[PDB]
Amino acid sequence: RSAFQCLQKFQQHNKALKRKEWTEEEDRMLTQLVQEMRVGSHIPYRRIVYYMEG
DNA sequence: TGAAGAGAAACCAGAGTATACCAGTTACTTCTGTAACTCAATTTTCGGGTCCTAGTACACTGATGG
């Protein structure tokens, strides 16, 4: 196998990749981010994520 | 009085003979390039579109299950 394939399978079957549980600090971060990058009813979550960690 | 040849009327292949193609070459032309202006016809080439089928991202929906 390649190192890339092994890492790829590990990630695609990892469980600590995402955080899977919300914290109040993370909620404040999400709210501050959404209020900054809304343009209306348009909330680009793919642009928002890249400031949310995990 | 037959014998060993003498003569005679048939076939039969073959060697010149007769064709039968089949190349073997001498002049005698055109056709190049360059130049030029002309104009139209035609081609090439060339950057960009154009349409189309097939995925792709992405926010949301709609359950779903523990």
# chains A, B, ... in the order shown; residues from 1 in each chain; ligands from 1
>>> interface_residues(of="chain B", to="chain A", cutoff="12 Å", atoms="only C-alpha atoms (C1' of nucleotides)", output="ChimeraX atom specification")
/B:57-60
>>> write_last_selection(atoms="N, CA, C and O atoms (P, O5', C5', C4', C3', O3' and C1' of nucleotides)", output="PDB file, in the first residue's frame")
ATOM      1  P    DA B  57     -17.024  18.202  -5.291  1.00  0.00           P
ATOM      2  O5'  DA B  57     -17.292  19.569  -4.521  1.00  0.00           O
ATOM      3  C5'  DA B  57     -17.137  20.831  -5.194  1.00  0.00           C
ATOM      4  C4'  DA B  57     -18.272  21.770  -4.852  1.00  0.00           C
ATOM      5  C3'  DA B  57     -18.612  21.894  -3.368  1.00  0.00           C
ATOM      6  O3'  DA B  57     -18.924  23.264  -3.116  1.00  0.00           O
ATOM      7  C1'  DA B  57     -20.548  21.315  -4.566  1.00  0.00           C
ATOM      8  P    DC B  58     -18.488  24.010  -1.745  1.00  0.00           P
ATOM      9  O5'  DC B  58     -19.872  24.595  -1.215  1.00  0.00           O
ATOM     10  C5'  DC B  58     -20.942  24.862  -2.140  1.00  0.00           C
ATOM     11  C4'  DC B  58     -22.283  24.683  -1.465  1.00  0.00           C
ATOM     12  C3'  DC B  58     -22.225  24.354   0.029  1.00  0.00           C
ATOM     13  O3'  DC B  58     -23.196  25.149   0.714  1.00  0.00           O
ATOM     14  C1'  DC B  58     -23.628  22.839  -1.069  1.00  0.00           C
ATOM     15  P    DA B  59     -22.867  25.755   2.153  1.00  0.00           P
ATOM     16  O5'  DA B  59     -24.210  26.526   2.525  1.00  0.00           O
ATOM     17  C5'  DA B  59     -25.021  27.123   1.497  1.00  0.00           C
ATOM     18  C4'  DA B  59     -26.390  26.483   1.461  1.00  0.00           C
ATOM     19  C3'  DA B  59     -27.044  26.298   2.834  1.00  0.00           C
ATOM     20  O3'  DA B  59     -28.277  27.033   2.921  1.00  0.00           O
ATOM     21  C1'  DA B  59     -27.234  24.324   1.508  1.00  0.00           C
ATOM     22  P    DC B  60     -29.137  27.103   4.306  1.00  0.00           P
ATOM     23  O5'  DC B  60     -30.213  25.940   4.142  1.00  0.00           O
ATOM     24  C5'  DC B  60     -31.013  25.876   2.950  1.00  0.00           C
ATOM     25  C4'  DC B  60     -31.675  24.525   2.805  1.00  0.00           C
ATOM     26  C3'  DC B  60     -32.531  24.066   3.990  1.00  0.00           C
ATOM     27  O3'  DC B  60     -33.889  23.984   3.527  1.00  0.00           O
ATOM     28  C1'  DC B  60     -31.291  22.286   3.037  1.00  0.00           C
TER      29       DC B  60
END
>>> atom_distance(atom1="atom CA of residue 53 of chain A", atom2="atom CA of residue 37 of chain A")
16.8 Å
>>> residues_around(residues="segment 13-17 of chain A", least_positions_apart="3", cutoff="8 Å", atoms="only C-alpha atoms (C1' of nucleotides)", output="list in words")
residues 9, 10 and 54 of chain A
>>> write_last_selection(atoms="N, CA and C atoms", output="mmCIF file, in the first residue's frame")
data_model
loop_
_atom_site.group_PDB
_atom_site.id
_atom_site.type_symbol
_atom_site.label_atom_id
_atom_site.label_comp_id
_atom_site.auth_asym_id
_atom_site.auth_seq_id
_atom_site.Cartn_x
_atom_site.Cartn_y
_atom_site.Cartn_z
ATOM 1 N N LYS A 9 -7.524 5.705 4.380
ATOM 2 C CA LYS A 9 -8.456 4.779 5.008
ATOM 3 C C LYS A 9 -8.584 5.057 6.493
ATOM 4 N N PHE A 10 -7.477 5.393 7.150
ATOM 5 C CA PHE A 10 -7.548 5.695 8.572
ATOM 6 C C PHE A 10 -8.464 6.876 8.833
ATOM 7 N N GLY A 54 -12.220 21.666 13.381
ATOM 8 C CA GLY A 54 -12.704 20.305 13.487
ATOM 9 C C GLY A 54 -14.201 20.162 13.366
#
>>> select_by_dssp(residues="chain A", states="helix (DSSP H, G or I)", output="ChimeraX atom specification")
/A:3-12,24-37,45-49
>>> atom_distance(atom1="atom CA of residue 5 of chain A", atom2="atom CA of residue 50 of chain A")
24.6 Å
>>> atom_distance(atom1="atom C1' of residue 31 of chain B", atom2="atom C1' of residue 44 of chain B")
26.1 Å
>>> decode(residues="chain A", atoms="C-alpha atoms", output="compact mmCIF listing (two decimals), in the first residue's frame")
# COMPACT_ATOMS: atom_id res chain seq x y z
CA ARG A 1 0.00 0.00 0.00
CA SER A 2 0.97 3.64 -0.26
CA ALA A 3 1.33 5.76 2.85
CA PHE A 4 -1.34 7.96 1.29
CA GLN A 5 -3.83 5.12 1.00
CA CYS A 6 -3.24 3.99 4.58
CA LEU A 7 -3.72 7.52 5.90
CA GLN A 8 -6.79 7.92 3.70
CA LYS A 9 -8.46 4.78 5.01
CA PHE A 10 -7.55 5.70 8.57
CA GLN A 11 -9.17 9.11 8.24
CA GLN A 12 -12.25 7.85 6.40
CA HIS A 13 -12.63 5.46 9.34
CA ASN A 14 -11.39 7.79 12.08
CA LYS A 15 -13.69 9.14 14.77
CA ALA A 16 -11.62 11.94 16.33
CA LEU A 17 -11.58 13.70 12.96
CA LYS A 18 -14.55 15.90 13.85
CA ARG A 19 -15.49 17.00 17.34
CA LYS A 20 -19.05 15.59 17.44
CA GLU A 21 -20.04 17.69 20.49
CA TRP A 22 -20.74 21.40 20.86
CA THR A 23 -19.34 23.74 23.49
CA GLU A 24 -20.53 27.18 24.53
CA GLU A 25 -17.30 28.81 23.36
CA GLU A 26 -17.74 27.06 20.03
CA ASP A 27 -21.34 28.29 19.86
CA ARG A 28 -20.21 31.87 20.46
CA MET A 29 -17.61 31.42 17.72
CA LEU A 30 -20.20 30.04 15.31
CA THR A 31 -22.63 32.87 16.03
CA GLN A 32 -19.99 35.56 15.62
CA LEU A 33 -18.91 33.94 12.35
CA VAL A 34 -22.40 33.58 10.92
CA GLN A 35 -23.27 37.18 11.74
CA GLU A 36 -20.10 38.21 9.91
CA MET A 37 -20.51 36.15 6.73
CA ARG A 38 -24.25 36.25 6.21
CA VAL A 39 -25.45 38.40 3.36
CA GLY A 40 -29.11 37.88 4.24
CA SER A 41 -30.75 34.49 4.25
CA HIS A 42 -27.56 33.23 2.59
CA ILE A 43 -25.30 31.60 5.18
CA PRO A 44 -22.32 30.01 3.41
CA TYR A 45 -21.44 27.21 5.77
CA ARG A 46 -18.53 25.98 3.68
CA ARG A 47 -16.89 29.37 4.10
CA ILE A 48 -17.83 29.41 7.80
CA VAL A 49 -16.28 26.02 8.54
CA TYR A 50 -12.79 27.08 7.62
CA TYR A 51 -12.71 29.08 10.85
CA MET A 52 -14.38 26.44 13.00
CA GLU A 53 -11.82 23.91 14.19
CA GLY A 54 -12.70 20.30 13.49
